[PDB]
Amino acid sequence: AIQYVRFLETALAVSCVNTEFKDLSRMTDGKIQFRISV
Amino acid sequence: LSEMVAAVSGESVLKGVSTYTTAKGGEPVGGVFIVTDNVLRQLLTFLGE
């Protein structure tokens, strides 16, 4: 009784924003720097 | 009755068995309730349509 499930078809995917990055294992660290003037 | 229908598993290992259909067609027949006569009359009173 198999049923295949796709990530994009489930509504849970509206939460996340999804990009395909070809070589993640070589990637060591990643950062985001926000600059907010108040 | 919906809880009773929910209790029965919806998975058949043969995975593709053809179905019986309503006279209007389209959606298939899911189950059979077997009752007695007074029970049948009372169920048709409570559930119309």
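FYI, it's all coordinate maths here, none of it is from the lab. We place every Cβ from the backbone using ideal geometry, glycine too, and count neighbours over all the protein chains shown.
List the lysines whose alpha-carbon lies under 20 Å from that of residue A:31, not counting same-chain residues fewer than 8 positions away?
List returned: A:22.
So for the protein assembly as shown, taking the charge dipole from beta-carbon charges (+1 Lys/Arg, -1 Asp/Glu), which of B:29, A:19, B:1 sits furthest toward the positive end?
A:19
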